[PDB]
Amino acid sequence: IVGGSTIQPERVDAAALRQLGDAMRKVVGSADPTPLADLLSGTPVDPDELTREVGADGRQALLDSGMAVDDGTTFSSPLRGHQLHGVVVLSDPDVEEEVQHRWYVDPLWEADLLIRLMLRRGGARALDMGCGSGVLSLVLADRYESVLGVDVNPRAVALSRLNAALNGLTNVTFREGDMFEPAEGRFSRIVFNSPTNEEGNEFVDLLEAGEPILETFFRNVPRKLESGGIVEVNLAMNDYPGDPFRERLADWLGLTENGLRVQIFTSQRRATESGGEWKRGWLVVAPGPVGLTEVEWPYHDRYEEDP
């Protein structure tokens, strides 16, 4: 089972982690097969070669944090490395649902896509709801005085702190908790790579939590959002005959009474039962004329392996 490994950033000093991060930045996500790159790709590596690359300091940092395991004559990693838009991010390997631990962290299914979708504005205070590996938070930290990442998965919170230290980022905070419970006051930016996919209304697990998690999210948005604030959400939406997602959403948001401008970009569509239709898209609340707008944009087909 994958996603249960111990993650302990507190067991390594910040300077060492930062320097590991700097070594990752050079080799992770490129074509050079260094020990480090191999390690964070799922390939076992020779510790003496790893030591050549990142030093005994680096080698010990990999082990003490849980990034690598000493299997005797080789090291392996439970984690996989990524380098996105200047940021290095470790997460779990992408594996089928049936072998995921309950504390499995989103292996960056959509994150590289989402960052390209995200508005390139900055501001005071950002919130990354369901931060998982921390990836969206790490990106937002460049632009915001302060970023708060929230997850109900304690392993995600630890992984987030690890990844922030690897990148030397210190204006980010990560908190374990349930949706908005640990998020006090208001935010100028809220990002939500929602745990919704094929489960419809049913709660399945942390990565497919059901439509009610969106209702909870959107019902609270008006009181968590600063004036002129921006909300961005990746989500699956179910339309049923006589019951479109957009109208339930409008009700949750109190869309008209709150003067929110909503724009939905629908990328993928699927047939579902009850004559329903499933869609995946990118939802943006941004300052502008009250109302909801939906447009077609097959950005999965277009980008996926691109910008």
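Note that the rigid core is defined as the largest set of C-alphas that superpose within 1.5 Å between two forms. So that there is no doubt, residue numbering starts at 1 and follows the sequence shown.
Between 272-280 and 62-70, the larger root mean square Cα shift in 6 other deposited structures of this protein, once each structure is superposed on the rigid core, falls on 272-280. Greater C-alpha displacement in 6 other deposited structures of this protein (rigid core superposition, RMS over structures and residues), of 248-256 versus 24-32: 24-32.
Looking at 275-283 and 248-256 together, the entry lists the larger mean B-factor for 248-256, computed on C-alpha atoms. Between 293-301 and 16-24, the higher mean Cα B-factor belongs to 293-301. Looking only at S133, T73, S188, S77, the residue with the top Cα B factor in the deposited structure is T73. The PDB entry assigns its highest CA temperature factor, among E226, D205, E176, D128, to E226. Per the deposited record, the Cα B-factor of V172 falls in the middle third when ranked against the other modelled residues of its chain. When all modelled residues of the chain are sorted by CA temperature factor, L84 is found within the highest third. When all modelled residues of the chain are sorted by CA temperature factor, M118 is found within the highest third.
Placement of the Cα temperature factor of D92 within the chain: lowest third of the modelled residues, per the deposited record. Residue-level temperature factors show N201 in the highest third of its chain, judged at the C-alpha atom.
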